[PDB]
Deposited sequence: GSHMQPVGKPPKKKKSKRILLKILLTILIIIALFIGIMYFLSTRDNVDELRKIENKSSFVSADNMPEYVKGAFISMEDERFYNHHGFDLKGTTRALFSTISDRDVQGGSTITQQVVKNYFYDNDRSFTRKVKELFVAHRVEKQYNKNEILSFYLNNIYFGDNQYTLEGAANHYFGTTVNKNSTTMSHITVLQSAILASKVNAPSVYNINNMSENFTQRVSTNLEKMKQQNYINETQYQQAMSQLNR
């Protein structure tokens, strides 16, 4: 029956076609990972899925958020998509507060900044702001960017420490963040 429960769960898994993730690209504020500064992707990876590039957690997060056994869907996203694709789906379909489900809509909305390194038309997103938007995605619901508590600040302090530990930012970048943050 634990064989027979693995398989029936797998049938249900296949209802959910993984080609559908492609439609996240069609959104007006979409921005791919390929166009995001190193350290913005780092904010995200270092907090949720340290080893996102080497594994085969972000891919499961992607699945839960678009459709909802999530493991089976997850396997399949990995056969069909490169890592930067998967990462873009993540970042363009998650709750950042105040009705923002894209990284860029979030960033534009709280901060007047952009997450697209190629832009010359709007101010670029700061490491601190990156850490803030990263900290929120799986933060408790009360955690609010428009008025950060000390609990929330703690979570972003920790986001930041992780960025610096996994080398997405340097000592300058990091004490500059910790300073704007206090």
{"property": "Non-modelled portions of the deposited polymer sequence, in sequence order", "result": "1-29, 86-109, 122-131, 246"}
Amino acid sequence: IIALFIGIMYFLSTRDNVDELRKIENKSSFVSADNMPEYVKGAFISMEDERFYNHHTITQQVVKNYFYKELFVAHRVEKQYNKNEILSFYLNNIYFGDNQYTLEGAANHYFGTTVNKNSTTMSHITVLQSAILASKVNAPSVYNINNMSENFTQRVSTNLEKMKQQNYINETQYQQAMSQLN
From here on, numbers count along this sequence of modelled residues.
{"property": "Of 39-47 and 128-136, the one with larger mean CA B-factor", "result": "39-47"}
{"property": "Between the two ranges 154-162 and 19-27, the one averaging a larger CA B factor in the entry", "result": "19-27"}
{"property": "Selection by C-alpha B-factor (highest) of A107, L87, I94, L71", "result": "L71"}
{"property": "Of the residues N147, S141, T113, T57, the one carrying the largest Cα B-factor as recorded", "result": "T57"}
